[PDB]
Structures are given as C-alpha cells and as structure tokens.
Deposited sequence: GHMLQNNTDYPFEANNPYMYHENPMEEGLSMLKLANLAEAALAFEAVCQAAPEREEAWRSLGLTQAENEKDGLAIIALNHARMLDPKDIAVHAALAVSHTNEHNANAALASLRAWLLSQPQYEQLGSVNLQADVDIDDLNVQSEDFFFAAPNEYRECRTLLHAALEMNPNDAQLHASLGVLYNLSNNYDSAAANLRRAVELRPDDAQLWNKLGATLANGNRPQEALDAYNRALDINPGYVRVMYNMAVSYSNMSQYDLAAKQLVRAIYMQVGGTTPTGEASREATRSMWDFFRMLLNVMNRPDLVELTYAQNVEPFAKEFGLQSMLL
C-alpha cells in the first residue's frame, strides 16, 4: 500500500510543474549534473509529494537544498531520509553540516556521531552548549583517524566539529588536508572557505570559493559565501555582483521567499553603504533585473 502523508512538515512549493512529469527523480538528478539546484530541488519535491517513502528522494532534496542555501528545508528533508534509512551516512554528514550552520550544537554532534558509528568500519569504537557530547565526538573521530589515517571525510568531519567550537585554526588544517586528498570535491573547498572566512581569513577563503565554483558553477551557497567574504573585506562592488548572482541562481532565474528575503535585506545594506539610495529603493520590489543590468551581469 502507498503512503502520501509522511511529508506534512515540509512546505512544498505550490505550482510545481515537475508533478506533471513522468520521471521527476531522473530529471532532478539530471538538473544536479547541470548544477541547476533550484530546478533540481523542485523535481525532487515532486517525487517527495508523490512517493514520500522513497528515501533517495528526500536525501537528494536535502542535499540540494543545503547547497541552495536553505538549511532549514535541508534539515526537514534529511530527517525524513534519516527515518527511512538510518544507515545512510550521507544524510548524517549533511545533517551535521546544516545543524552546525543553524547553531544546533546537540543535533550537530549527534549527526557526526551517527555518521561515524553507522559505518561498519568504525562501529567497533569546555564546549559550553554540549560539553561531553563534543569531547566524545572529538575522541571518536581521533580514534577513527588512527584506524584509517589519510581519510578525507574524517578530516572533513573534524573540520565541522572544530567549526562548532570556533577552533578555526584546527578546522582549517583538517579541511586543508581533506581538499589536498580530494581537490575536485566542491563541498570540501566550500567548507574550507567558510572555515577560513569565519576565522577572519576572507582573502584565503575567496581562493577556496573560486576553486569550489570552478568545480560546481551553480553552487549558490559558495556564491553567497563569496558575497559575505567580499562584504567582510568592504569590497562592495564585488560583494554586490556575487550577491546578485546568488539571488538569481537561488530562485532558478526564470521561475515563498524568506531565505531570499534576508539576502535582499543584506543586499540593501550593501547598496546603502555604497551610497546608492536609488538602488536601495529598488530592492523593496525584489526583482533581480535592475541590479543585473546596473552591475554588468546582464544586457541593458
């Protein structure tokens, strides 16, 4: 028997043309290979609306959403996948990352813990918000690294752990190691960039983001993160240009905002600081075109 309603906690997009298609899962996967995340997410939403028992659909949706700068929706989707397959280690890794971003410390540590101990190769094994949980995660990961040295994902996972406690120096070293081992992994470069940025190294962060974008040119979270690093260095032309790219790509260019509404408000702050009150007035309407044109990304 089919089940249609283990999905009522997810705010599905209303007018989803993928609901009319024959194989939206296949199409979502194709859109991912194209790096069209907003579009990928809509196709996976269709699958989760029709077949909410398909774990792979929730996993793909979750992964796509966090890449499209929507951690809250990522966590909702991923929790479904986690219920339908508690050994899907990609779901646990992703939950750790999105919870770290959301500053859910207990959930992040629990996700790193499940990530490790769900793998048969490792199952034998003052941070104020969750002190002994953090120490146990550190210990597990270090024990794992002595059984499997030079593992990129253990080093990445230590990176996430150390981001949680603001030990950006140790996080950077570990993620640096992980990208040396896997230099075509866009997420790893992004993770290293965010770590450097959060540790007051934006110039180095931007080098990592460029590598991430050269790998995955539709990686909207990297685009956002570049806006952030540029803004942190007061380079507002560069910030503005990347932020406009991010907004456009996040919504899927030609196509329920919220994630978008704070990016627009952030963009307003940039336009204000650069002394452009005409441009500021335009942000209220939340149309990309004026800014795409003003900032050299499109036409005229």
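K.L.:
Map the modelled residues onto the deposited sequence and report the uncovered stretches in sequence order.
P.N.:
Model skips 126-145, 276-280, 326-327 of the deposited chain.
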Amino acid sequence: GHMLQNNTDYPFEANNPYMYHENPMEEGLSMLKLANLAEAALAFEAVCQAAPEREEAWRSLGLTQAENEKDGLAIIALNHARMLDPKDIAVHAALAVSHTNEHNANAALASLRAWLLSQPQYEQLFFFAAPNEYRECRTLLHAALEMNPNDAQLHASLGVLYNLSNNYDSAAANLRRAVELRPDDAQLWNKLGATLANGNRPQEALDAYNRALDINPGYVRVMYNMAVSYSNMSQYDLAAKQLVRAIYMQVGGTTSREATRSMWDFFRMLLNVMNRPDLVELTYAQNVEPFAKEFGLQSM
From here on, numbers count along this sequence of modelled residues.
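K.L.:
Higher mean Cα B-factor in the deposited model: 40-48 or 256-264?
P.N.:
Between 40-48 and 256-264, it is 256-264.
K.L.:
Per the record, averaged over C-alpha atoms, which has the higher B-factor: 134-142 or 91-99?
P.N.:
Mean CA B-factor is higher for 134-142.
K.L.:
Check the PDB entry and point out which of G159, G193, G72, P120 has the largest C-alpha temperature factor.
P.N.:
By C-alpha B-factor in the record, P120 ranks first.
K.L.:
Using the temperature factors in the entry, find which of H155, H80, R201, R221 has the highest value at its Cα atom.
P.N.:
Comparing C-alpha B-factors across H155, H80, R201, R221, the top value belongs to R201.
K.L.:
Within this chain's modelled residues, let me know which third the CA B factor of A205 belongs to: lowest, middle or highest.
P.N.:
Middle third, going by the recorded CA B-factors of the chain.
K.L.:
How does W115 rank on Cα B-factor within its chain, lowest, middle or highest third?
P.N.:
Middle third - that is where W115 ends up once the chain's C-alpha B-factors are sorted.
K.L.:
Grab the CA temperature factor for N163 from the record and place it in the lowest, middle or highest third of its chain.
P.N.:
It falls in the middle third of the chain.
K.L.:
In terms of the chain's CA B-factor thirds, is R54 lowest, middle or highest?
P.N.:
Answer is middle: the recorded C-alpha B-factor places it there.
K.L.:
Please rank the C-alpha B-factors of the chain's modelled residues and tell me whether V273 sits in the lowest, middle or highest third.
P.N.:
Middle third, going by the recorded CA B-factors of the chain.
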